[PDB]
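Participant: Here is my input; please provide its structure:
(one chain, ligands or ions: 1)
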Amino acid sequence: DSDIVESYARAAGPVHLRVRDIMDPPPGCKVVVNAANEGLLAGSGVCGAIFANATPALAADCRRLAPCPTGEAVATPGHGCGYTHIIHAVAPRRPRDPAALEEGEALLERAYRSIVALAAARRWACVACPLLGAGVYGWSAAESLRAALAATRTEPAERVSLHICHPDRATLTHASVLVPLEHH
Ligand SMILES: Nc1ncnc2c1ncn2[C@@H]1O[C@H](COP(=O)(O)OP(=O)(O)OC[C@H]2O[C@@H](O)[C@H](O)[C@@H]2O)[C@@H](O)[C@H]1O
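Facilitator: Residues are numbered from 1 along each chain as shown. Here you go, the structure:
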């Protein structure tokens, strides 16, 4: 646990900020989150890395399940990507000029809430998760972390610990300063 920048206490469960590749499972995380699109298609970034390491049956399962509405999440088997299951969660694209912005912050928080409720229903205690929406969907790491730390305030039926993984130390340490700074 030397990769942990900070650990936050939240109703859902502890949220750990971890310097590591999403494809390098944290100890005890058998379930990973895909930062997915509504069509559940392979993309770049985290989605690319998960599909890159999986069988064709994953695309087949997604064909059966698509679309996953923005703000929602849906599970599939992992198909050899290194995890037993994948939670495909769909972040909104960041609205470029409000008021859609405040609407989109709620939808980003909802995506994280949807991950937690899903994991709780499957009795998955730990989940490895990227910073939803912080890649091509335009959010910053701090915006995505702030959303995760808000979403986890909603108490779930069973505790779920989010291990948030990003391979760049500076991105996470920076985000860990900006989150409290907003409230300062
Ligand atoms: N291997 C990786 N491991 C951990 N974090 C990663 C990795 N690759 C990217 N990240 C980071 O995770 C966050 C999410 O970035 P994206 O992967 O681009 O996901 P998102 O912004 O939500 O956009 C989703 C869209 O992009 C496609 O990958 C996906 O199919 C969908 O269309 C960003 O912080 C990104 O830098």
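
Participant: need the longest helix for this protein.
Facilitator: Assignment by DSSP state H gives helix 100-121 as the longest helix of the chain.

Participant: and residue 143, what does it touch?
Facilitator: Contacts for residue 143 (CB atoms under 8 Å, 6 or more residues apart in numbering) come out as 94, 105, 108, 133-134. (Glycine included, C-beta is placed from N, CA and C.)

Participant: neighbours of the residue of the chain found nearest the ligand, just the number please.
Facilitator: Relative to the ligand, the nearest point of the chain is residue 135 (1.8 Å; CB to the nearest ligand atom). When neighbours are counted by other CB atoms under 10 Å, residue 135 registers 19.

Participant: one step back: please dump the contacts of residue 143 into a markdown table; it should also carry neighbour count for every row.
Facilitator: Shown next, in a markdown table, are those (neighbours: other CB atoms under 10 Å):
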| residue | neighbour count |
| --- | --- |
| 94 | 18 |
| 105 | 19 |
| 108 | 27 |
| 133 | 26 |
| 134 | 25 |
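
Participant: Residue 15 touches residue 149, doesn't it?
Facilitator: Yes - using CB atoms under 8 Å, residue 15 makes contact with residue 149 at a distance of 6.2 Å.

Participant: what's the residue nearest to residue 39 when sequence neighbours are not counted in contact with, if anything?
Facilitator: Take residue 39 and drop its neighbours on the chain: the residue closest to it by CB to CB, 6 or more residues apart in numbering is residue 66, 5.1 Å away. For residue 66, the contact set (CB under 8 Å, 6+ apart) comprises 38-41.

Participant: give me the number of residues near residue 136?
Facilitator: Using other CB under 10 Å, residue 136 has 12 neighbouring residues.

Participant: what's around the residue lying closest to residue 133 once chain neighbours are set aside, how many residues?
Facilitator: Nearest in space to residue 133, with sequence neighbours left out and distances taken as CB to CB, 6+ apart, is residue 91 at 3.3 Å. Neighbours of residue 91 under the rule other CB under 10 Å: 27.

Participant: same check, this time on residue 35
Facilitator: By other CB under 10 Å, the residues close to residue 35 number 25.

Participant: hang on, it packs against residue 139?
Facilitator: No - under the criterion of CB under 8 Å, residue 35 is not in contact with residue 139, lying 10.4 Å apart.

Participant: got any residues that touch both of those two?
Facilitator: 91, 131-133.
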